[PDB]
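Text of the file entry_15.cif, holding mmCIF, N, CA and C atoms:
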data_final
#
loop_
_atom_site.label_atom_id
_atom_site.label_comp_id
_atom_site.auth_asym_id
_atom_site.auth_seq_id
_atom_site.Cartn_x
_atom_site.Cartn_y
_atom_site.Cartn_z
N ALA A 1 0.88 -7.20 29.20
CA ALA A 1 0.89 -6.62 27.88
C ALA A 1 -0.16 -5.53 28.02
N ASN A 2 0.10 -4.34 27.53
CA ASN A 2 -0.87 -3.27 27.58
C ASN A 2 -1.12 -2.79 26.14
N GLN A 3 -0.24 -3.11 25.17
CA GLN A 3 -0.36 -2.56 23.82
C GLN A 3 -1.45 -3.24 22.99
N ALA A 4 -2.45 -2.48 22.62
CA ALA A 4 -3.53 -3.00 21.80
C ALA A 4 -3.29 -2.86 20.30
N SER A 5 -3.85 -3.76 19.51
CA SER A 5 -3.73 -3.77 18.06
C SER A 5 -5.10 -3.63 17.43
N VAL A 6 -5.13 -3.30 16.15
CA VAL A 6 -6.39 -3.26 15.41
C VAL A 6 -6.76 -4.72 15.07
N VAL A 7 -7.99 -5.14 15.39
CA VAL A 7 -8.50 -6.49 15.12
C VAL A 7 -9.80 -6.34 14.31
N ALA A 8 -10.01 -7.18 13.29
CA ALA A 8 -11.19 -7.11 12.44
C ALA A 8 -12.45 -7.44 13.23
N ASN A 9 -13.40 -6.52 13.22
CA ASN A 9 -14.67 -6.66 13.90
C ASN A 9 -15.73 -7.34 13.03
N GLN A 10 -15.42 -7.59 11.77
CA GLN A 10 -16.27 -8.36 10.87
C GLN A 10 -15.33 -8.92 9.80
N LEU A 11 -15.79 -9.84 8.95
CA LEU A 11 -14.98 -10.25 7.83
C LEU A 11 -14.82 -9.01 6.94
N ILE A 12 -13.58 -8.67 6.62
CA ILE A 12 -13.28 -7.58 5.70
C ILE A 12 -12.93 -8.28 4.39
N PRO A 13 -13.72 -8.13 3.32
CA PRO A 13 -13.47 -8.78 2.03
C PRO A 13 -12.21 -8.23 1.38
N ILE A 14 -11.59 -9.04 0.53
CA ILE A 14 -10.40 -8.62 -0.21
C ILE A 14 -10.74 -7.38 -1.02
N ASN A 15 -9.80 -6.44 -0.98
CA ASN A 15 -9.86 -5.14 -1.64
C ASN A 15 -10.91 -4.18 -1.10
N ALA A 16 -11.52 -4.47 0.05
CA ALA A 16 -12.48 -3.54 0.62
C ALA A 16 -11.75 -2.36 1.26
N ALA A 17 -12.37 -1.18 1.24
CA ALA A 17 -11.87 0.00 1.94
C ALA A 17 -12.35 -0.11 3.41
N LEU A 18 -11.44 0.19 4.34
CA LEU A 18 -11.73 0.04 5.76
C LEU A 18 -12.67 1.10 6.26
N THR A 19 -13.66 0.69 7.05
CA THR A 19 -14.53 1.67 7.69
C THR A 19 -14.38 1.49 9.20
N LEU A 20 -14.87 2.44 10.01
CA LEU A 20 -14.74 2.33 11.46
C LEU A 20 -15.47 1.15 12.08
N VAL A 21 -16.61 0.71 11.54
CA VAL A 21 -17.32 -0.44 12.09
C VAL A 21 -16.48 -1.72 11.95
N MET A 22 -15.51 -1.75 11.05
CA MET A 22 -14.70 -2.94 10.83
C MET A 22 -13.55 -3.10 11.82
N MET A 23 -13.20 -2.09 12.61
CA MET A 23 -11.98 -2.15 13.37
C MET A 23 -12.21 -2.00 14.86
N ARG A 24 -11.83 -3.01 15.64
CA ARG A 24 -11.87 -2.84 17.08
C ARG A 24 -10.43 -2.87 17.61
N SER A 25 -10.25 -2.63 18.89
CA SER A 25 -8.96 -2.54 19.53
C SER A 25 -8.91 -3.63 20.59
N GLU A 26 -7.91 -4.48 20.52
CA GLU A 26 -7.75 -5.59 21.44
C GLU A 26 -6.30 -5.84 21.75
N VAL A 27 -6.00 -6.37 22.94
CA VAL A 27 -4.65 -6.72 23.28
C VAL A 27 -4.51 -8.17 22.82
N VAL A 28 -3.82 -8.36 21.71
CA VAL A 28 -3.60 -9.68 21.11
C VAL A 28 -2.09 -9.91 20.86
N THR A 29 -1.69 -11.16 20.60
CA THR A 29 -0.31 -11.45 20.21
C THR A 29 -0.40 -12.42 19.05
N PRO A 30 0.41 -12.31 18.00
CA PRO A 30 1.37 -11.24 17.80
C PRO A 30 0.76 -9.84 17.63
N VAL A 31 1.53 -8.80 17.91
CA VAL A 31 1.04 -7.43 17.86
C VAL A 31 0.92 -6.98 16.40
N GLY A 32 -0.16 -6.32 16.03
CA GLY A 32 -0.35 -5.84 14.67
C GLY A 32 -0.23 -4.32 14.63
N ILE A 33 -0.99 -3.68 13.73
CA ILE A 33 -1.05 -2.23 13.63
C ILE A 33 -1.56 -1.68 14.96
N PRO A 34 -0.92 -0.68 15.55
CA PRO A 34 -1.30 -0.08 16.83
C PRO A 34 -2.74 0.40 16.80
N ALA A 35 -3.51 0.10 17.83
CA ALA A 35 -4.89 0.50 17.85
C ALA A 35 -5.07 2.01 17.70
N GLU A 36 -4.09 2.84 18.11
CA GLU A 36 -4.33 4.27 17.91
C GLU A 36 -4.30 4.77 16.48
N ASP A 37 -3.89 3.91 15.55
CA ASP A 37 -3.88 4.25 14.15
C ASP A 37 -5.22 3.99 13.47
N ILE A 38 -6.25 3.46 14.17
CA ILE A 38 -7.54 3.24 13.53
C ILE A 38 -8.06 4.48 12.75
N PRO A 39 -8.08 5.74 13.25
CA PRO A 39 -8.53 6.90 12.48
C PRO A 39 -7.86 7.04 11.10
N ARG A 40 -6.58 6.74 11.08
CA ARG A 40 -5.76 6.95 9.90
C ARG A 40 -5.89 5.83 8.87
N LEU A 41 -6.52 4.72 9.24
CA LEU A 41 -6.71 3.60 8.36
C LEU A 41 -7.99 3.68 7.54
N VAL A 42 -8.95 4.53 7.94
CA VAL A 42 -10.23 4.65 7.26
C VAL A 42 -10.03 5.02 5.80
N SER A 43 -10.71 4.28 4.94
CA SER A 43 -10.65 4.39 3.49
C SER A 43 -9.45 3.74 2.87
N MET A 44 -8.49 3.21 3.60
CA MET A 44 -7.40 2.48 2.97
C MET A 44 -7.90 1.09 2.63
N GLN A 45 -7.31 0.40 1.67
CA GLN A 45 -7.79 -0.90 1.24
C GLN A 45 -6.95 -2.04 1.73
N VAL A 46 -7.58 -3.16 1.97
CA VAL A 46 -6.81 -4.31 2.37
C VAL A 46 -6.48 -5.11 1.14
N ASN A 47 -5.39 -5.86 1.16
CA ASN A 47 -5.00 -6.60 -0.02
C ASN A 47 -5.30 -8.08 0.10
N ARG A 48 -6.05 -8.48 1.13
CA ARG A 48 -6.51 -9.85 1.27
C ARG A 48 -7.72 -9.81 2.17
N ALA A 49 -8.44 -10.92 2.21
CA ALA A 49 -9.61 -11.02 3.09
C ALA A 49 -9.10 -11.15 4.52
N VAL A 50 -9.76 -10.49 5.46
CA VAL A 50 -9.36 -10.53 6.85
C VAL A 50 -10.57 -11.06 7.60
N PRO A 51 -10.60 -12.33 7.99
CA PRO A 51 -11.66 -12.92 8.83
C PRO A 51 -11.89 -12.18 10.15
N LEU A 52 -13.12 -12.31 10.66
CA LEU A 52 -13.52 -11.81 11.96
C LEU A 52 -12.48 -12.26 13.01
N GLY A 53 -12.04 -11.30 13.81
CA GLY A 53 -11.12 -11.58 14.91
C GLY A 53 -9.64 -11.64 14.50
N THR A 54 -9.27 -11.47 13.22
CA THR A 54 -7.88 -11.48 12.77
C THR A 54 -7.23 -10.13 13.10
N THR A 55 -5.96 -10.16 13.50
CA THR A 55 -5.22 -8.94 13.80
C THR A 55 -4.82 -8.31 12.46
N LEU A 56 -5.00 -7.02 12.30
CA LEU A 56 -4.65 -6.36 11.06
C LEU A 56 -3.17 -6.01 11.17
N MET A 57 -2.42 -6.50 10.19
CA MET A 57 -0.99 -6.34 10.09
C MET A 57 -0.60 -5.33 9.01
N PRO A 58 0.57 -4.64 9.12
CA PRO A 58 1.02 -3.62 8.15
C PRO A 58 0.98 -4.06 6.68
N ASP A 59 1.41 -5.31 6.43
CA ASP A 59 1.46 -5.87 5.08
C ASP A 59 0.08 -6.19 4.47
N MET A 60 -1.02 -6.14 5.26
CA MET A 60 -2.37 -6.39 4.76
C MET A 60 -3.01 -5.10 4.27
N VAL A 61 -2.46 -3.91 4.54
CA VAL A 61 -3.10 -2.67 4.10
C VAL A 61 -2.29 -2.03 2.97
N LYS A 62 -2.93 -1.79 1.83
CA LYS A 62 -2.29 -1.11 0.71
C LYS A 62 -1.98 0.35 1.05
N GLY A 63 -0.72 0.72 0.86
CA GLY A 63 -0.26 2.07 1.11
C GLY A 63 0.13 2.29 2.57
N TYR A 64 0.03 1.32 3.50
CA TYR A 64 0.35 1.58 4.90
C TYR A 64 1.85 1.67 5.06
N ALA A 65 2.31 2.73 5.72
CA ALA A 65 3.73 2.84 5.93
C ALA A 65 4.15 3.41 7.30
N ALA A 66 3.24 3.62 8.26
CA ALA A 66 3.65 4.18 9.55
C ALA A 66 3.95 3.03 10.53
#
Spit out the file's structure as C-alpha cells when you get a sec.
Amino acid sequence: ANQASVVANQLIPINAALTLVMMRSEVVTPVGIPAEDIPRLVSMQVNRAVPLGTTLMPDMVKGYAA
C-alpha cells in the first residue's frame, strides 16, 4: 500500500475548524481523505469529534466534496 490518508494528530473536538497541526499523513486502512488534500482542508469544520490517530473520512468534514 503506498496511498496515505489524513490522520488526526490530536483530538479534534466536534465542530472545530481544522488547522495544520491537527493533520498528519499515514498509510492506514481503511483509506480516508488523501493526504495530499491536507492544504485544502484547513479551516473546514468537522461534524464530530475525531480522536487522536483516527483516519479523517469525507463524511466527517462539513462541505467536503473532492
**Request:** Apply the PyMOL selection byres ((chain A and resi 42) around 6) to the file shown and report the selected residues as a VMD selection string.
**Result:** chain A and resid 18 to 20 38 to 41 43 to 44
**Message:** Please compute the atom C of residue A:15-atom CA of residue A:36 distance, one decimal, in Å.
**Reply:**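 Atom CA of residue A:36 lies at a distance of 21.8 Å from atom C of residue A:15.
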**Item:** Separation of atom C of residue A:23 from atom N of residue A:60, in Å and rounded to one decimal
**Value:** 15.3 Å
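For the residues A:27, A:21, A:16, A:66, ranking by smallest atom-to-atom distance to residue A:47 using all atoms listed in the file places A:16 first.
Residues in contact with residue A:33 at 8 Å, where only N, CA and C atoms are counted and same-chain residues fewer than 3 positions away are skipped, are listed as residues 4, 5, 6, 7, 30, 36, 37, 38, 55, 56, 57, 58, 59 and 66 of chain A.
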**Request:** Please indicate the distance in Å from atom C of residue A:34 to atom N of residue A:3, rounded to one decimal place.
**Result:**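 It comes out at 9.4 Å.
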In chain A, DSSP strand (DSSP E or B) residues written as a PDB file with N, CA and C atoms, in the frame of the given file:
ATOM      1  N   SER A   5      -3.850  -3.760  19.510  1.00  0.00           N
ATOM      2  CA  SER A   5      -3.730  -3.770  18.060  1.00  0.00           C
ATOM      3  C   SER A   5      -5.100  -3.630  17.430  1.00  0.00           C
ATOM      4  N   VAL A   6      -5.130  -3.300  16.150  1.00  0.00           N
ATOM      5  CA  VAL A   6      -6.390  -3.260  15.410  1.00  0.00           C
ATOM      6  C   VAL A   6      -6.760  -4.720  15.070  1.00  0.00           C
ATOM      7  N   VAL A   7      -7.990  -5.140  15.390  1.00  0.00           N
ATOM      8  CA  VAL A   7      -8.500  -6.490  15.120  1.00  0.00           C
ATOM      9  C   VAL A   7      -9.800  -6.340  14.310  1.00  0.00           C
ATOM     10  N   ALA A   8     -10.010  -7.180  13.290  1.00  0.00           N
ATOM     11  CA  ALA A   8     -11.190  -7.110  12.440  1.00  0.00           C
ATOM     12  C   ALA A   8     -12.450  -7.440  13.230  1.00  0.00           C
ATOM     13  N   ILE A  12     -13.580  -8.670   6.620  1.00  0.00           N
ATOM     14  CA  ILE A  12     -13.280  -7.580   5.700  1.00  0.00           C
ATOM     15  C   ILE A  12     -12.930  -8.280   4.390  1.00  0.00           C
ATOM     16  N   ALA A  17     -12.370  -1.180   1.240  1.00  0.00           N
ATOM     17  CA  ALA A  17     -11.870   0.000   1.940  1.00  0.00           C
ATOM     18  C   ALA A  17     -12.350  -0.110   3.410  1.00  0.00           C
ATOM     19  N   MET A  23     -13.200  -2.090  12.610  1.00  0.00           N
ATOM     20  CA  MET A  23     -11.980  -2.150  13.370  1.00  0.00           C
ATOM     21  C   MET A  23     -12.210  -2.000  14.860  1.00  0.00           C
ATOM     22  N   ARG A  24     -11.830  -3.010  15.640  1.00  0.00           N
ATOM     23  CA  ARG A  24     -11.870  -2.840  17.080  1.00  0.00           C
ATOM     24  C   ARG A  24     -10.430  -2.870  17.610  1.00  0.00           C
ATOM     25  N   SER A  25     -10.250  -2.630  18.890  1.00  0.00           N
ATOM     26  CA  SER A  25      -8.960  -2.540  19.530  1.00  0.00           C
ATOM     27  C   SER A  25      -8.910  -3.630  20.590  1.00  0.00           C
ATOM     28  N   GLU A  26      -7.910  -4.480  20.520  1.00  0.00           N
ATOM     29  CA  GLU A  26      -7.750  -5.590  21.440  1.00  0.00           C
ATOM     30  C   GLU A  26      -6.300  -5.840  21.750  1.00  0.00           C
ATOM     31  N   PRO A  34      -0.920  -0.680  15.550  1.00  0.00           N
ATOM     32  CA  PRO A  34      -1.300  -0.080  16.830  1.00  0.00           C
ATOM     33  C   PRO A  34      -2.740   0.400  16.800  1.00  0.00           C
ATOM     34  N   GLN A  45      -7.310   0.400   1.670  1.00  0.00           N
ATOM     35  CA  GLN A  45      -7.790  -0.900   1.240  1.00  0.00           C
ATOM     36  C   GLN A  45      -6.950  -2.040   1.730  1.00  0.00           C
ATOM     37  N   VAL A  46      -7.580  -3.160   1.970  1.00  0.00           N
ATOM     38  CA  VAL A  46      -6.810  -4.310   2.370  1.00  0.00           C
ATOM     39  C   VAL A  46      -6.480  -5.110   1.140  1.00  0.00           C
ATOM     40  N   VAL A  50      -9.760 -10.490   5.460  1.00  0.00           N
ATOM     41  CA  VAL A  50      -9.360 -10.530   6.850  1.00  0.00           C
ATOM     42  C   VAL A  50     -10.570 -11.060   7.600  1.00  0.00           C
ATOM     43  N   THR A  55      -5.960 -10.160  13.500  1.00  0.00           N
ATOM     44  CA  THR A  55      -5.220  -8.940  13.800  1.00  0.00           C
ATOM     45  C   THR A  55      -4.820  -8.310  12.460  1.00  0.00           C
ATOM     46  N   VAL A  61      -2.460  -3.910   4.540  1.00  0.00           N
ATOM     47  CA  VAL A  61      -3.100  -2.670   4.100  1.00  0.00           C
ATOM     48  C   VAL A  61      -2.290  -2.030   2.970  1.00  0.00           C
TER      49      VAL A  61
END
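The smallest atom-to-atom distance between residue A:2 and any of A:14, A:64, A:35, A:51, using only C-alpha atoms, is found for A:35.
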**Asked** With all atoms listed in the file as the atoms that count, which of A:32, A:26, A:52, A:45 lies nearest to residue A:11?
**Response**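 Among the listed residues, the smallest separation from residue A:11 belongs to A:52.
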**Request:** Please report, as a ChimeraX atom specification, each residue of chain A to which DSSP assigns helix (DSSP H, G or I) when run on this structure's backbone.
**Result:** /A:20-22,35-41,58-60
**Item:** Closest of A:31, A:46, A:24, A:13 to residue A:1 - atom-to-atom distances counting only C-alpha atoms
**Value:**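 Answer, going by the shortest atom-to-atom distance: A:31.
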**Item:** residue A:53 environment, 6 Å, all atoms listed in the file, sequence neighbours closer than 6 positions dropped, as a PyMOL selection string
**Value:** chain A and resi 7-10
What would stretch 52-65 of chain A look like with N, CA, C and O atoms in place, written as a PDB file, in the coordinates of the input?
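Saved result, out.pdb, follows:
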ATOM      1  N   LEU A  52     -13.120 -12.310  10.660  1.00  0.00           N
ATOM      2  CA  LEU A  52     -13.520 -11.810  11.960  1.00  0.00           C
ATOM      3  C   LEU A  52     -12.480 -12.260  13.010  1.00  0.00           C
ATOM      4  O   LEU A  52     -12.100 -13.437  13.057  1.00  0.00           O
ATOM      5  N   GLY A  53     -12.040 -11.300  13.810  1.00  0.00           N
ATOM      6  CA  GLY A  53     -11.120 -11.580  14.910  1.00  0.00           C
ATOM      7  C   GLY A  53      -9.640 -11.640  14.500  1.00  0.00           C
ATOM      8  O   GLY A  53      -8.810 -11.852  15.389  1.00  0.00           O
ATOM      9  N   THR A  54      -9.270 -11.470  13.220  1.00  0.00           N
ATOM     10  CA  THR A  54      -7.880 -11.480  12.770  1.00  0.00           C
ATOM     11  C   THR A  54      -7.230 -10.130  13.100  1.00  0.00           C
ATOM     12  O   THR A  54      -7.838  -9.065  12.948  1.00  0.00           O
ATOM     13  N   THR A  55      -5.960 -10.160  13.500  1.00  0.00           N
ATOM     14  CA  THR A  55      -5.220  -8.940  13.800  1.00  0.00           C
ATOM     15  C   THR A  55      -4.820  -8.310  12.460  1.00  0.00           C
ATOM     16  O   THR A  55      -4.306  -8.995  11.566  1.00  0.00           O
ATOM     17  N   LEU A  56      -5.000  -7.020  12.300  1.00  0.00           N
ATOM     18  CA  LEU A  56      -4.650  -6.360  11.060  1.00  0.00           C
ATOM     19  C   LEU A  56      -3.170  -6.010  11.170  1.00  0.00           C
ATOM     20  O   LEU A  56      -2.696  -5.401  12.125  1.00  0.00           O
ATOM     21  N   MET A  57      -2.420  -6.500  10.190  1.00  0.00           N
ATOM     22  CA  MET A  57      -0.990  -6.340  10.090  1.00  0.00           C
ATOM     23  C   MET A  57      -0.600  -5.330   9.010  1.00  0.00           C
ATOM     24  O   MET A  57      -1.326  -5.182   8.017  1.00  0.00           O
ATOM     25  N   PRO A  58       0.570  -4.640   9.120  1.00  0.00           N
ATOM     26  CA  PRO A  58       1.020  -3.620   8.150  1.00  0.00           C
ATOM     27  C   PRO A  58       0.980  -4.060   6.680  1.00  0.00           C
ATOM     28  O   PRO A  58       0.587  -3.319   5.778  1.00  0.00           O
ATOM     29  N   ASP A  59       1.410  -5.310   6.430  1.00  0.00           N
ATOM     30  CA  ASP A  59       1.460  -5.870   5.080  1.00  0.00           C
ATOM     31  C   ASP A  59       0.080  -6.190   4.470  1.00  0.00           C
ATOM     32  O   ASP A  59       0.015  -6.429   3.263  1.00  0.00           O
ATOM     33  N   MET A  60      -1.020  -6.140   5.260  1.00  0.00           N
ATOM     34  CA  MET A  60      -2.370  -6.390   4.760  1.00  0.00           C
ATOM     35  C   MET A  60      -3.010  -5.100   4.270  1.00  0.00           C
ATOM     36  O   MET A  60      -4.055  -5.168   3.606  1.00  0.00           O
ATOM     37  N   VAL A  61      -2.460  -3.910   4.540  1.00  0.00           N
ATOM     38  CA  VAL A  61      -3.100  -2.670   4.100  1.00  0.00           C
ATOM     39  C   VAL A  61      -2.290  -2.030   2.970  1.00  0.00           C
ATOM     40  O   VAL A  61      -1.081  -1.773   3.117  1.00  0.00           O
ATOM     41  N   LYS A  62      -2.930  -1.790   1.830  1.00  0.00           N
ATOM     42  CA  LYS A  62      -2.290  -1.110   0.710  1.00  0.00           C
ATOM     43  C   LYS A  62      -1.980   0.350   1.050  1.00  0.00           C
ATOM     44  O   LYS A  62      -2.830   1.095   1.546  1.00  0.00           O
ATOM     45  N   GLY A  63      -0.720   0.720   0.860  1.00  0.00           N
ATOM     46  CA  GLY A  63      -0.260   2.070   1.110  1.00  0.00           C
ATOM     47  C   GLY A  63       0.130   2.290   2.570  1.00  0.00           C
ATOM     48  O   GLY A  63       0.529   3.418   2.898  1.00  0.00           O
ATOM     49  N   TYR A  64       0.030   1.320   3.500  1.00  0.00           N
ATOM     50  CA  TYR A  64       0.350   1.580   4.900  1.00  0.00           C
ATOM     51  C   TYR A  64       1.850   1.670   5.060  1.00  0.00           C
ATOM     52  O   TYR A  64       2.597   0.790   4.639  1.00  0.00           O
ATOM     53  N   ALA A  65       2.310   2.730   5.720  1.00  0.00           N
ATOM     54  CA  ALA A  65       3.730   2.840   5.930  1.00  0.00           C
ATOM     55  C   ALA A  65       4.150   3.410   7.300  1.00  0.00           C
ATOM     56  O   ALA A  65       5.344   3.606   7.513  1.00  0.00           O
TER      57      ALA A  65
END
